[PDB]
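This text opens with one protein chain seen in two forms, each one given by itself as structure tokens under the names structure 1 and structure 2.
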Structure 1
């Protein structure tokens, strides 16, 4: 057998929302570390793009279609993964939010997200319980709109993510399964490049590092949490925001 810091050789990782941005970068980073990676999207064209992306970077795995809002989609996708690859022991929940946004959208957004986390988490626990090992990692939503509406939704989503992460970690810990979260700040993605320049330039002034974070910078934190060295880290939400904190 092998035994190395940071290596995920021989593990199957499931990464939801893997077709663009943060999710893509997470998939490639777990690939780089030796995991067999199943990335998912909500559509066939995204699943295809994921597979192509993985192949082009020499990562074994697949792209599949998964709707985390559906008990059926989740059970079937898991069974398919079990049949063809094995039990995913590393699961990164990144699949999230589907006029501009307002300060009254928080409730639904957060409720729908945590129902999805719970559903998928619950379904992969059986396999992690059997192996007496696991990593669940929840990715929070990026800071996405500049005003009060945007600050409200972001803070609410971060708060739910934290409480949920901490509670699940407490339930499953006795089985040597860690549950953590990563809370990104202002990241360079498709959403943030197409904010108007006034809203965007205002955000830089609130960030001590004086830059946007990169998708890869979220992914390195996730890859660490997945490793054997982060085994005593559980129930934590690691903020990755260049020093700007808004709750």
Structure 2
């Protein structure tokens, strides 16, 4: 369903990004997955190979103006034009607002929201020239719902959806779609961090009565990347097991 397309997936070394990279690969995409370190990029390349997926690893820091512009320029001139871009990379730095350090606020906004500008800007010319593209941004239920101790993360993740909607309006006439996928609580390193009794508490808020799997997010992203999703744009697709319904 994606044969002949190049996909770029940011944050593909583990968790949701890794499942996304493998799923797009399963669909026939050549996959460029990113990590913040050389060894991470090397491991991505090997993991894709181990799964029979063609592609490469890329060292990328989406919080850095230079790391994005320079690395994307290189790939587009020398290797090829990504027509599917999944902005998956993201971090949390939680604290009540009165206890939150300046770096905790700015690092989350800069990594999780400003990254969308850096990546999208680097890839849009190729998509507009091809008259085809998919930009898929990984948001969070916390964007719609809010969560105490996460004003920075809620701000960035809600901002991600606003970005999604406005860009979908700019590029729709060139058959590029822009969508968000907002996971609920998914079994990854990010969630394994939370204290035990808080995870037991989260389950009581979820109608399906379980955490989600990274593969479940990846399936949804794989669908949006496909031709069958061509009339879906500016949407946020919640994948949260019923934790939040809007």
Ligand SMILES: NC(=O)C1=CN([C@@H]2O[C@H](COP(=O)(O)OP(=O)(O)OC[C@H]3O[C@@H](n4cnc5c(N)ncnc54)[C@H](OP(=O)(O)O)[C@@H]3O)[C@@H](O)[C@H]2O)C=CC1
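Residue numbers count along the first chain shown, from 1. By rigid core we mean the largest C-alpha set that fits within 1.5 Å across both forms.
> Kindly point out the structure, among the two, that is the form solved in complex with the named molecule.
Only structure 2 fits here, because that chain is the form solved in complex with the named molecule.
> If you fit the rigid core between structures 1 and 2, which of 176, 131, 149, 167 ends up with a C-alpha shift of 2 Å or more?
Single hit from the list, 149.
> Superpose the two forms on their rigid core, then report whether the C-alpha of residue 199 is displaced by 2 angstroms or more between structures 1 and 2.
The answer is no, as the C-alpha of residue 199 shifts between structures 1 and 2 by less than 2 Å after core alignment.
> Would residue 69 count as moving between structures 1 and 2, using a Cα shift of 2 angstroms or more after superposing the core as the test?
Yes, because once the rigid core is superposed, the C-alpha of residue 69 moves 2 Å or more between structures 1 and 2.
> May I ask for the C-alpha shift of residue 112 between structures 1 and 2, in Å, based on superposition of the rigid core?
With the cores aligned, its C-alpha sits 4.2 Å away.
> Keeping the rigid core fixed, work out how far the Cα of residue 49 travels between structures 1 and 2, to one decimal in Å.
Displacement of the alpha carbon, after core fit: 1.0 Å.
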